[PDB]
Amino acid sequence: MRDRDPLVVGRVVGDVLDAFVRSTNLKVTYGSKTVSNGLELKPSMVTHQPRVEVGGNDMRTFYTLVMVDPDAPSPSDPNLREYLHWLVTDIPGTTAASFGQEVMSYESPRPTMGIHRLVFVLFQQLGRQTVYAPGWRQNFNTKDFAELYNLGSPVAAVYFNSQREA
């Protein structure tokens, strides 16, 4: 990754991810508004799960989608980093997150105490596998998790910013 890759400018690469090379298309959309690295969305636009398209050309390939808040409960003091908002596995390539198996249901981001990043991370699975749901959402670690389940390295990621509606 470049040093000024928007993910590292965003410190997503850093706080959540190591460097990697994108290899799969990821599209995250709430209503008709499509997420782009660092864009701001009101909490009220994002209360329900977005439509998340995952690329690839092979429906035999399965992906896993992670959505986390590295700035929970405040970016100024993020002691619950990272907060797991959403977890979906077994998403066929070509397809979307709605085709997958929801592991942790989608928790609507309710940021307070400054601007939060909501990060979406896509992994490609080695094949079929049972993922267990974390017993809790605070203090999730995407790195540990990818390692636990052989997801290797992200094949895509994107984040948006969000803060208390003033």
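Quick note: we count residues from 1 along the sequence shown, nothing fancier.
The question of which stretch, 152-160 or 5-13, has the higher mean Cα B factor is settled in favour of 5-13. For the two regions 133-141 and 32-40, the entry's Cα B-factors average higher over 133-141. Note on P109, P50, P70, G127: the highest value goes to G127, judged by CA B factor as recorded.
When the C-alpha B-factors of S98, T64, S105, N57 are read from the PDB record, the largest value belongs to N57. For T94, the recorded CA B-factor ranks within the lowest third of the chain. Only modelled residues enter the ranking. Ranked by Cα temperature factor within the chain, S76 sits in the middle third according to the deposited record.
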